[PDB]
Each structure stands twice: as C-alpha cells, then as structure tokens.
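Dropping entry-v8.pdb in here (PDB, C-alpha atoms):
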MODEL        1
ATOM      1  CA  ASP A  34       0.000   0.000   0.000
ATOM      2  CA  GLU A  35       1.145   3.637   0.543
ATOM      3  CA  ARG A  36       2.982   4.955   3.625
ATOM      4  CA  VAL A  37       3.354   8.340   5.310
ATOM      5  CA  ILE A  38       6.139  10.116   7.194
ATOM      6  CA  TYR A  39       6.169  13.660   8.590
ATOM      7  CA  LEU A  40       9.326  15.751   8.199
ATOM      8  CA  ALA A  41      10.093  19.148   9.735
ATOM      9  CA  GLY A  42      13.037  20.785   8.029
ATOM     10  CA  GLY A  43      12.685  24.575   8.267
ATOM     11  CA  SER A  44      10.847  26.446   5.461
ATOM     12  CA  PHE A  45       7.939  24.123   4.491
ATOM     13  CA  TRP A  46       7.486  25.904   1.105
ATOM     14  CA  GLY A  47      10.829  24.698  -0.315
ATOM     15  CA  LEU A  48      10.691  21.412   1.642
ATOM     16  CA  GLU A  49       7.265  20.515   0.177
ATOM     17  CA  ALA A  50       8.467  21.346  -3.340
ATOM     18  CA  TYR A  51      11.601  19.271  -2.722
ATOM     19  CA  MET A  52       9.887  16.105  -1.499
ATOM     20  CA  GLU A  53       7.370  16.248  -4.380
ATOM     21  CA  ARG A  54      10.225  15.777  -6.879
ATOM     22  CA  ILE A  55      11.609  12.624  -5.238
ATOM     23  CA  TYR A  56      10.852   9.482  -7.223
ATOM     24  CA  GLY A  57       8.494   7.341  -5.145
ATOM     25  CA  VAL A  58       6.718  10.213  -3.378
ATOM     26  CA  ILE A  59       2.996  10.085  -4.157
ATOM     27  CA  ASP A  60       2.068  13.356  -2.470
ATOM     28  CA  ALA A  61       3.601  16.012  -0.245
ATOM     29  CA  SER A  62       1.545  18.473   1.768
ATOM     30  CA  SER A  63       2.387  21.280   4.159
ATOM     31  CA  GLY A  64       1.318  21.301   7.779
ATOM     32  CA  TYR A  65       1.964  21.743  11.479
ATOM     33  CA  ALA A  66       3.156  18.850  13.655
ATOM     34  CA  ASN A  67       3.645  18.041  17.340
ATOM     35  CA  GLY A  68       2.336  21.182  19.005
ATOM     36  CA  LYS A  69       0.539  21.747  22.294
ATOM     37  CA  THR A  70      -2.962  22.036  20.753
ATOM     38  CA  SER A  71      -5.184  19.910  18.440
ATOM     39  CA  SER A  72      -5.513  22.824  15.949
ATOM     40  CA  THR A  73      -3.666  26.081  15.047
ATOM     41  CA  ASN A  74      -2.941  28.462  12.149
ATOM     42  CA  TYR A  75       0.055  30.135  10.558
ATOM     43  CA  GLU A  76       0.227  33.072  12.950
ATOM     44  CA  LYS A  77      -0.651  31.048  16.039
ATOM     45  CA  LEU A  78       2.399  28.794  15.499
ATOM     46  CA  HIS A  79       4.532  30.634  18.048
ATOM     47  CA  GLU A  80       2.035  29.771  20.792
ATOM     48  CA  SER A  81       0.866  26.318  19.700
ATOM     49  CA  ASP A  82       4.552  25.254  19.534
ATOM     50  CA  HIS A  83       3.979  23.382  16.271
ATOM     51  CA  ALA A  84       6.826  22.656  13.865
ATOM     52  CA  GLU A  85       6.385  23.467  10.191
ATOM     53  CA  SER A  86       6.370  20.022   8.609
ATOM     54  CA  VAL A  87       5.687  18.226   5.350
ATOM     55  CA  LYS A  88       3.391  15.197   5.185
ATOM     56  CA  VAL A  89       5.071  12.902   2.658
ATOM     57  CA  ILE A  90       3.052  10.023   1.197
ATOM     58  CA  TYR A  91       5.311   7.564  -0.598
ATOM     59  CA  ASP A  92       5.219   4.226  -2.381
ATOM     60  CA  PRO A  93       7.400   1.811  -0.356
ATOM     61  CA  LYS A  94       7.780  -0.346  -3.476
ATOM     62  CA  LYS A  95       9.537   2.541  -5.267
ATOM     63  CA  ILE A  96      11.440   4.185  -2.381
ATOM     64  CA  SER A  97      12.206   3.016   1.135
ATOM     65  CA  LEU A  98      11.837   5.145   4.256
ATOM     66  CA  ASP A  99      15.619   4.936   4.717
ATOM     67  CA  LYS A 100      16.430   6.418   1.309
ATOM     68  CA  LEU A 101      13.604   8.930   1.700
ATOM     69  CA  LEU A 102      15.240  10.130   4.917
ATOM     70  CA  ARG A 103      18.611  10.404   3.193
ATOM     71  CA  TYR A 104      17.066  12.691   0.578
ATOM     72  CA  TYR A 105      15.689  14.780   3.456
ATOM     73  CA  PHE A 106      19.116  14.897   5.135
ATOM     74  CA  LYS A 107      20.487  16.665   2.043
ATOM     75  CA  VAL A 108      18.416  19.825   2.528
ATOM     76  CA  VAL A 109      18.594  20.459   6.288
ATOM     77  CA  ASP A 110      21.314  21.508   8.696
ATOM     78  CA  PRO A 111      21.222  18.413  10.951
ATOM     79  CA  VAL A 112      23.053  20.051  13.905
ATOM     80  CA  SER A 113      21.368  23.456  14.169
ATOM     81  CA  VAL A 114      18.715  24.113  16.821
ATOM     82  CA  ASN A 115      15.567  26.080  15.910
ATOM     83  CA  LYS A 116      17.204  27.611  12.824
ATOM     84  CA  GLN A 117      17.457  26.718   9.123
ATOM     85  CA  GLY A 118      19.141  29.285   6.927
ATOM     86  CA  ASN A 119      17.838  32.660   8.114
ATOM     87  CA  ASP A 120      14.571  31.307   9.552
ATOM     88  CA  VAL A 121      14.851  31.379  13.365
ATOM     89  CA  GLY A 122      12.295  29.919  15.718
ATOM     90  CA  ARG A 123      10.741  26.836  17.222
ATOM     91  CA  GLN A 124       8.455  26.251  14.226
ATOM     92  CA  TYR A 125      11.643  25.744  12.163
ATOM     93  CA  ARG A 126      13.087  22.963  14.302
ATOM     94  CA  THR A 127      14.094  19.746  12.567
ATOM     95  CA  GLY A 128      12.205  16.571  13.344
ATOM     96  CA  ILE A 129      10.904  13.292  11.999
ATOM     97  CA  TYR A 130       7.430  12.296  13.193
ATOM     98  CA  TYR A 131       6.157   8.776  12.578
ATOM     99  CA  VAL A 132       2.774   7.067  12.862
ATOM    100  CA  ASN A 133       4.054   3.460  12.675
ATOM    101  CA  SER A 134       6.032   1.904  15.525
ATOM    102  CA  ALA A 135       8.262  -0.028  13.115
ATOM    103  CA  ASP A 136       9.444   3.249  11.582
ATOM    104  CA  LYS A 137      11.248   4.317  14.762
ATOM    105  CA  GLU A 138      14.099   1.820  14.350
ATOM    106  CA  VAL A 139      14.672   2.862  10.728
ATOM    107  CA  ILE A 140      14.700   6.545  11.664
ATOM    108  CA  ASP A 141      17.138   5.977  14.536
ATOM    109  CA  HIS A 142      19.509   3.948  12.364
ATOM    110  CA  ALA A 143      19.467   6.605   9.623
ATOM    111  CA  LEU A 144      20.384   9.361  12.063
ATOM    112  CA  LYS A 145      23.324   7.391  13.478
ATOM    113  CA  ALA A 146      24.600   6.736   9.948
ATOM    114  CA  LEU A 147      24.211  10.455   9.150
ATOM    115  CA  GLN A 148      26.036  11.317  12.360
ATOM    116  CA  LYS A 149      28.801   8.750  11.755
ATOM    117  CA  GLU A 150      29.847  10.687   8.620
ATOM    118  CA  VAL A 151      29.004  14.374   9.155
ATOM    119  CA  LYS A 152      29.909  14.233  12.887
ATOM    120  CA  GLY A 153      28.729  16.616  15.623
ATOM    121  CA  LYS A 154      25.517  16.361  17.654
ATOM    122  CA  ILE A 155      22.443  15.678  15.519
ATOM    123  CA  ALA A 156      19.649  18.035  16.582
ATOM    124  CA  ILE A 157      16.894  16.252  14.629
ATOM    125  CA  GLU A 158      14.256  15.114  17.113
ATOM    126  CA  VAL A 159      12.314  11.875  16.682
ATOM    127  CA  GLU A 160       8.833  11.478  18.176
ATOM    128  CA  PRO A 161       5.519   9.887  17.246
ATOM    129  CA  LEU A 162       3.076  12.274  15.627
ATOM    130  CA  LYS A 163       0.844  13.535  18.450
ATOM    131  CA  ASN A 164      -1.442  16.164  16.929
ATOM    132  CA  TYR A 165      -1.328  17.475  13.386
ATOM    133  CA  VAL A 166      -3.217  20.082  11.340
ATOM    134  CA  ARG A 167      -2.990  20.576   7.574
ATOM    135  CA  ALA A 168      -1.701  24.040   6.706
ATOM    136  CA  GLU A 169      -3.958  26.603   5.066
ATOM    137  CA  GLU A 170      -4.501  26.061   1.361
ATOM    138  CA  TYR A 171      -2.684  29.365   0.858
ATOM    139  CA  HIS A 172       0.458  27.488   1.948
ATOM    140  CA  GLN A 173      -0.218  24.326  -0.072
ATOM    141  CA  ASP A 174       1.716  23.968  -3.345
ATOM    142  CA  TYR A 175       3.192  27.350  -2.511
ATOM    143  CA  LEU A 176       6.166  27.327  -4.861
ATOM    144  CA  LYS A 177       3.998  26.134  -7.757
ATOM    145  CA  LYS A 178       1.824  29.231  -7.278
ATOM    146  CA  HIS A 179       4.811  31.554  -6.660
ATOM    147  CA  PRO A 180       7.772  30.387  -8.748
ATOM    148  CA  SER A 181       9.801  33.315  -7.393
ATOM    149  CA  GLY A 182       8.780  32.542  -3.798
ATOM    150  CA  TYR A 183      11.158  32.063  -0.882
ATOM    151  CA  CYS A 184      13.060  28.793  -1.218
ATOM    152  CA  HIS A 185      16.289  28.397   0.727
ATOM    153  CA  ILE A 186      17.216  24.856  -0.352
ATOM    154  CA  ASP A 187      18.480  23.572  -3.730
ATOM    155  CA  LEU A 188      15.596  21.717  -5.369
ATOM    156  CA  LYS A 189      18.012  20.190  -7.925
ATOM    157  CA  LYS A 190      19.297  17.896  -5.154
ATOM    158  CA  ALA A 191      15.997  16.008  -5.524
ATOM    159  CA  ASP A 192      17.099  14.728  -8.938
ATOM    160  CA  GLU A 193      20.348  13.308  -7.557
ATOM    161  CA  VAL A 194      20.778   9.547  -7.392
ATOM    162  CA  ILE A 195      21.385   7.906  -4.008
ATOM    163  CA  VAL A 196      23.380   4.643  -4.164
ATOM    164  CA  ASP A 197      23.203   2.408  -1.080
ATOM    165  CA  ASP A 198      26.732   1.523   0.060
ATOM    166  CA  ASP A 199      25.540  -1.687   1.770
ATOM    167  CA  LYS A 200      23.689  -3.592  -0.971
ATOM    168  CA  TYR A 201      26.794  -4.208  -3.106
ATOM    169  CA  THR A 202      29.800  -6.138  -1.775
ATOM    170  CA  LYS A 203      33.214  -6.971  -3.166
ATOM    171  CA  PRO A 204      33.633 -10.764  -3.337
ATOM    172  CA  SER A 205      36.843 -12.314  -2.097
ATOM    173  CA  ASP A 206      39.955 -12.156  -4.248
ATOM    174  CA  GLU A 207      39.598 -15.916  -4.826
ATOM    175  CA  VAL A 208      36.067 -15.534  -6.199
ATOM    176  CA  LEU A 209      37.197 -12.692  -8.463
ATOM    177  CA  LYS A 210      39.901 -14.948  -9.949
ATOM    178  CA  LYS A 211      37.175 -17.290 -11.243
ATOM    179  CA  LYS A 212      34.512 -14.690 -12.077
ATOM    180  CA  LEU A 213      36.603 -12.126 -14.007
ATOM    181  CA  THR A 214      38.588 -12.598 -17.157
ATOM    182  CA  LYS A 215      42.356 -12.265 -16.956
ATOM    183  CA  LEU A 216      42.131  -8.773 -18.465
ATOM    184  CA  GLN A 217      39.261  -7.661 -16.210
ATOM    185  CA  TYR A 218      41.234  -8.805 -13.174
ATOM    186  CA  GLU A 219      44.447  -7.001 -14.136
ATOM    187  CA  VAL A 220      42.616  -3.757 -14.964
ATOM    188  CA  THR A 221      40.459  -3.588 -11.835
ATOM    189  CA  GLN A 222      42.901  -5.151  -9.345
ATOM    190  CA  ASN A 223      46.339  -4.233 -10.719
ATOM    191  CA  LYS A 224      45.554  -0.935 -12.515
ATOM    192  CA  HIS A 225      46.255  -2.126 -16.048
ATOM    193  CA  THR A 226      44.590  -0.370 -18.996
ATOM    194  CA  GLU A 227      42.783  -2.130 -21.838
ATOM    195  CA  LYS A 228      43.580  -1.371 -25.478
ATOM    196  CA  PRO A 229      41.841   1.731 -26.891
ATOM    197  CA  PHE A 230      39.461   1.162 -29.832
ATOM    198  CA  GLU A 231      39.489  -2.583 -29.069
ATOM    199  CA  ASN A 232      37.146  -2.943 -26.099
ATOM    200  CA  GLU A 233      33.452  -3.606 -25.827
ATOM    201  CA  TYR A 234      32.005  -0.269 -24.693
ATOM    202  CA  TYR A 235      33.973   2.669 -26.123
ATOM    203  CA  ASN A 236      31.492   3.067 -29.006
ATOM    204  CA  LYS A 237      28.347   1.819 -27.258
ATOM    205  CA  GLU A 238      25.437   4.258 -27.613
ATOM    206  CA  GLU A 239      22.605   2.529 -25.766
ATOM    207  CA  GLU A 240      20.398   3.590 -22.888
ATOM    208  CA  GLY A 241      21.133   2.037 -19.518
ATOM    209  CA  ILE A 242      23.555   1.866 -16.628
ATOM    210  CA  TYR A 243      27.218   0.930 -16.165
ATOM    211  CA  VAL A 244      28.047  -0.853 -12.916
ATOM    212  CA  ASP A 245      31.224  -2.000 -11.193
ATOM    213  CA  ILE A 246      32.017  -5.377 -12.759
ATOM    214  CA  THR A 247      33.415  -6.558  -9.406
ATOM    215  CA  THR A 248      30.555  -5.445  -7.098
ATOM    216  CA  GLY A 249      27.553  -4.347  -9.144
ATOM    217  CA  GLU A 250      27.721  -0.837  -7.668
ATOM    218  CA  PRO A 251      26.263   1.757 -10.103
ATOM    219  CA  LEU A 252      28.962   4.020 -11.501
ATOM    220  CA  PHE A 253      27.915   5.759 -14.739
ATOM    221  CA  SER A 254      24.729   6.533 -16.652
ATOM    222  CA  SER A 255      24.477   6.240 -20.423
ATOM    223  CA  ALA A 256      23.099   9.783 -20.407
ATOM    224  CA  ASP A 257      26.567  11.099 -19.473
ATOM    225  CA  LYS A 258      28.453   9.022 -22.047
ATOM    226  CA  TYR A 259      29.819  10.756 -25.130
ATOM    227  CA  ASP A 260      32.223  10.085 -27.973
ATOM    228  CA  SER A 261      35.622  11.387 -26.872
ATOM    229  CA  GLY A 262      37.520  10.015 -29.853
ATOM    230  CA  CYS A 263      40.017   8.420 -27.447
ATOM    231  CA  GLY A 264      38.988   4.752 -27.739
ATOM    232  CA  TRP A 265      37.723   4.125 -24.187
ATOM    233  CA  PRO A 266      34.231   4.598 -22.723
ATOM    234  CA  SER A 267      34.074   8.275 -21.801
ATOM    235  CA  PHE A 268      31.704   9.985 -19.374
ATOM    236  CA  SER A 269      31.267  13.561 -18.256
ATOM    237  CA  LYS A 270      30.496  12.661 -14.624
ATOM    238  CA  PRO A 271      29.680   9.610 -12.480
ATOM    239  CA  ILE A 272      26.092   8.745 -11.651
ATOM    240  CA  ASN A 273      26.525  10.699  -8.406
ATOM    241  CA  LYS A 274      29.260  12.324  -6.330
ATOM    242  CA  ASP A 275      29.764   9.327  -4.001
ATOM    243  CA  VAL A 276      30.455   6.240  -6.126
ATOM    244  CA  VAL A 277      33.940   7.122  -7.426
ATOM    245  CA  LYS A 278      37.080   8.108  -5.541
ATOM    246  CA  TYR A 279      40.152   9.942  -6.797
ATOM    247  CA  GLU A 280      43.827   9.249  -6.236
ATOM    248  CA  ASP A 281      47.165  10.528  -7.500
ATOM    249  CA  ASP A 282      48.802   8.450 -10.251
ATOM    250  CA  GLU A 283      52.506   9.032 -10.918
ATOM    251  CA  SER A 284      53.170   5.993 -13.097
ATOM    252  CA  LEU A 285      54.407   5.991 -16.713
ATOM    253  CA  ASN A 286      56.424   9.136 -15.840
ATOM    254  CA  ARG A 287      53.237  11.233 -16.048
ATOM    255  CA  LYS A 288      51.019  12.842 -13.412
ATOM    256  CA  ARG A 289      47.358  11.858 -13.667
ATOM    257  CA  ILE A 290      44.285  11.374 -11.470
ATOM    258  CA  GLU A 291      43.121   7.769 -11.124
ATOM    259  CA  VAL A 292      39.411   7.103 -10.555
ATOM    260  CA  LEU A 293      38.311   4.108  -8.491
ATOM    261  CA  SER A 294      35.007   2.677  -7.324
ATOM    262  CA  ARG A 295      33.868   3.374  -3.770
ATOM    263  CA  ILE A 296      32.796  -0.065  -2.548
ATOM    264  CA  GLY A 297      35.031  -2.391  -4.578
ATOM    265  CA  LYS A 298      38.037  -0.050  -4.664
ATOM    266  CA  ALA A 299      38.438  -1.201  -8.257
ATOM    267  CA  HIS A 300      40.633   0.690 -10.676
ATOM    268  CA  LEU A 301      38.323   2.222 -13.311
ATOM    269  CA  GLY A 302      40.579   4.565 -15.282
ATOM    270  CA  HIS A 303      41.417   8.280 -15.070
ATOM    271  CA  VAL A 304      39.781  11.707 -15.161
ATOM    272  CA  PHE A 305      41.050  14.506 -17.411
ATOM    273  CA  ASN A 306      40.097  18.164 -17.888
ATOM    274  CA  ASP A 307      39.730  17.928 -21.689
ATOM    275  CA  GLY A 308      36.066  16.973 -21.822
ATOM    276  CA  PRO A 309      33.565  18.952 -23.905
ATOM    277  CA  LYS A 310      32.777  22.385 -22.481
ATOM    278  CA  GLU A 311      28.995  22.053 -22.626
ATOM    279  CA  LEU A 312      28.982  18.897 -20.449
ATOM    280  CA  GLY A 313      31.207  20.372 -17.706
ATOM    281  CA  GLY A 314      34.711  19.907 -19.132
ATOM    282  CA  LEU A 315      35.663  16.616 -17.452
ATOM    283  CA  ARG A 316      36.469  13.338 -19.216
ATOM    284  CA  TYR A 317      36.070  10.180 -17.154
ATOM    285  CA  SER A 318      38.072   7.723 -19.266
ATOM    286  CA  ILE A 319      36.994   4.291 -18.049
ATOM    287  CA  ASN A 320      38.038   0.776 -19.027
ATOM    288  CA  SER A 321      35.273  -1.342 -20.549
ATOM    289  CA  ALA A 322      36.953  -4.166 -18.598
ATOM    290  CA  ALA A 323      35.992  -2.448 -15.326
ATOM    291  CA  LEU A 324      32.313  -2.120 -16.258
ATOM    292  CA  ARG A 325      29.206  -4.196 -16.878
ATOM    293  CA  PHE A 326      26.565  -2.504 -19.028
ATOM    294  CA  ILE A 327      22.932  -3.330 -18.284
ATOM    295  CA  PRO A 328      20.428  -2.043 -20.880
ATOM    296  CA  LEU A 329      17.324  -0.176 -19.783
ATOM    297  CA  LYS A 330      15.092  -3.119 -20.723
ATOM    298  CA  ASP A 331      17.120  -5.406 -18.398
ATOM    299  CA  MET A 332      17.659  -3.132 -15.379
ATOM    300  CA  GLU A 333      14.546  -4.346 -13.525
ATOM    301  CA  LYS A 334      15.421  -8.057 -13.770
ATOM    302  CA  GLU A 335      19.042  -7.411 -12.758
ATOM    303  CA  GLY A 336      18.128  -5.553  -9.556
ATOM    304  CA  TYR A 337      18.543  -1.936 -10.696
ATOM    305  CA  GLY A 338      14.919  -0.954 -11.315
ATOM    306  CA  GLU A 339      15.009   1.944  -8.865
ATOM    307  CA  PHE A 340      17.503   3.706 -11.188
ATOM    308  CA  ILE A 341      15.427   3.420 -14.397
ATOM    309  CA  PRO A 342      13.611   6.780 -14.040
ATOM    310  CA  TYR A 343      17.008   8.371 -13.386
ATOM    311  CA  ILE A 344      18.622   6.978 -16.542
ATOM    312  CA  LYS A 345      15.580   7.917 -18.617
ATOM    313  CA  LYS A 346      15.365  11.464 -17.237
ATOM    314  CA  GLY A 347      19.063  11.821 -17.984
ATOM    315  CA  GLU A 348      18.561  10.609 -21.561
ATOM    316  CA  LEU A 349      15.653  13.015 -22.088
ATOM    317  CA  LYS A 350      17.962  15.854 -21.016
ATOM    318  CA  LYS A 351      20.681  14.697 -23.414
ATOM    319  CA  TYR A 352      18.003  14.482 -26.124
ATOM    320  CA  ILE A 353      16.880  18.080 -25.637
ATOM    321  CA  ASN A 354      20.382  19.516 -25.298
ATOM    322  CA  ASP A 355      21.182  17.957 -28.685
ATOM    323  CA  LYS A 356      18.408  20.056 -30.212
ATOM    324  CA  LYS A 357      20.269  23.358 -29.799
TER
ENDMDL
END

Go ahead and express the file in the form of structure tokens.
Amino acid sequence: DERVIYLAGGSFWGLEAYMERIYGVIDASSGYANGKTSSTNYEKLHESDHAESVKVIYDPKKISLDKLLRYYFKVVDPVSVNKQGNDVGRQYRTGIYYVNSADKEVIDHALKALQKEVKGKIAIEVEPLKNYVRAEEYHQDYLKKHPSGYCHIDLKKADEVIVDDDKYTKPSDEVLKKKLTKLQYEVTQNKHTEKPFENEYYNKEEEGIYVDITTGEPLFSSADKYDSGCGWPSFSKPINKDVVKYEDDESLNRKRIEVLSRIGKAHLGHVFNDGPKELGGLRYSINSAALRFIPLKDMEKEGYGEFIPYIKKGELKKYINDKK
C-alpha cells in the first residue's frame, strides 16, 4: 500500500516542493506537527509550539523510508537548533514524526549513519506524531503558485541519485579470480589499462547503466556518455558524487588522477580536464573491462529498477540539449 512520514526541516514551502520531486513520493503536503494544541494556524504557530512540517506520502515499493530520509538529510542543517538558513524559531526545528512503531528503528539507524559521517551532535528530534493540522490552502503547493517565492534549499538535489553503500559487496579475491577474465582482473585489481578502440564499450550508444564489474555498484549513466575520440568509454560525470574516488597516479612518468570505485576499490581509469565544455569539461576515461553494461530493458530483472527513471530522465535531457 502507501505509507506516510512527517518531516520538519525549516521552510515548508521549499521542503514541500523538494519532497514532491523525489521518485516514489505520491504526495507532499504542508502542515503543522507536534504542538501543544489539536488545531492552530500560521500566525498562532509561536504559541501552539507546532513545527512546520511536510506530510510525505510515498510508495514503499519505489522508495524506502531509509532512502527517503537520506534525501531529506540533504536539505537540512542536521546540527542546528531552531534555525534553518535565516529562519529562526521553534516552528523551524528539525524533526521526523512517525505514525508506525516499526518506523522508529529505521529513523534511529538513519540518524546514526548520518552522524557517523558528518559528525557533531544531531539536533533532529524523533517522536511519534501527536497532533497534526494541515496548513492553510494558501500554503499548499506554494512554490507552484509563486515560482519566485522564498526557497532556501536547492531543489536540484531532488534529482540526484542515491546509491546504497551496503547492498553491493566486493567478493573475495579468490572468487574474483574465477569470475573475471584475466584482463578484467588485471585492470580492476592491478591498474592495467585495456587497449583503446578494441574494447566492448567505447562506441556503445545505448540507454542504460554501467556498474562495477566486481561489485555491481552503479557508476555511470548512459546519459553522461559521449564520444571522446580516445577509444575508451568516456563519461562527463559519475552517476553521483559518491560512487567514485580519486587518487594521484605518478606511473608511466606522467602525473594523472586515477578514478576508483567506492565499494570495490576497483581501478576504473582516469579523469582529465579535456572533456567537452557544454557537459562540464571533465572526461572520465573508463576501461570497458571495469564495467558491466545493463540495458534499460534489463535493469529491472538485474536488480537496478530503482535507477530506471534516473537513466531515462538523464537521456531526455541529453536528447533536448542535442536540439540546440
């Protein structure tokens, strides 16, 4: 069925508009949560002690509560008390309010993970929803009605891909010796480089996703692939900012930047600053031997269905940008 979670994260105008853009969110509405009364209004907030919140109805088949929270973490200061941006006050406190007992454990785990990486003392409170009142219809869909309205957060973050670092694992070195070809092993494990113009993917122009051949972790979208003329698969950026790592490479009497996968720590290739201007200028020059391409039609079967709308939206954007 459909599930609900209530999120207080400062300005509810931008928050509501943000959550609405997340894939899996059926509806987002503005409101007032966990105050001292059973009903209030926008200029009785300071007395009712309600927090400006967003009621988020989501499809648990399409997005989990855990990933939904991690989208929410991207647009709030998790350590500040009663303040987000320039909005000061108790109605701007951060909080997560649940109506299902089983949601408490998920929320608590997500906050500890968030804390374990951004550090500090997480100020986000966690309580069951006690009393709630839907905001005035003047406040509903506010940024749709006022495209120049106040919005402190970056709504583009809602289009970013989140890749779970715990659903892909690197098999043992002994398993990789049987699962990978000789070439794939040397490239990914010993930093060799396959031959340019003689590898499977450098000239592939097909919609889908490229994953770490050693772990299955998503790495690159077909929407960011382009023809570099260099003979290796070339991308303008990874599928998000978390899946690849960067390291100095001083071999071959050159100085270069090696790119590696986050989970598998596999050698992928290198990143250069000679990519096409209109795509950002970077060239991620990746070995086919480090990648496994999964076409759009196959992504659901292979366990990557939650990334399909992201590949397709990327390919629509590439399609339109071509039309200039």

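Nearest to residue 142 in chain A of all the residues A:61, A:288, A:159, A:83 is A:159, counting all atoms listed in the file.
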
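Nearest to residue 238 in chain A of all the residues A:82, A:136, A:348, A:199 is A:348, based on all atoms listed in the file.
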
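Applied to the file shown here, the PyMOL selection byres ((chain A and resi 180-196) around 6) selects the residues residues 47, 51, 54, 55, 108, 176, 177, 179, 197 and 273 of chain A.
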
*asked:* Need the shell around range 120-125 of chain A: protein/DNA/RNA residues with any atom at most 9 Å away, counting only C-alpha atoms. Skip same-chain ones fewer than 6 positions apart. Format as a PyMOL selection string?
replied: chain A and resi 41-45+65+78-79+82-86+114

*Given the file shown, enumerate the residues that the PyMOL selection byres ((chain A and resi 96-107) around 7) captures and present them as a ChimeraX atom specification.*
/A:57,92-95,108-109,139,143

Expected axis-aligned box over every listed atom of range 88-100 of chain A, 3 Å added per side, centre plus edges in Å to one decimal, as AutoDock Vina command-line options:
--center_x 9.7 --center_y 7.4 --center_z 0.0 --size_x 19.4 --size_y 21.5 --size_z 16.5
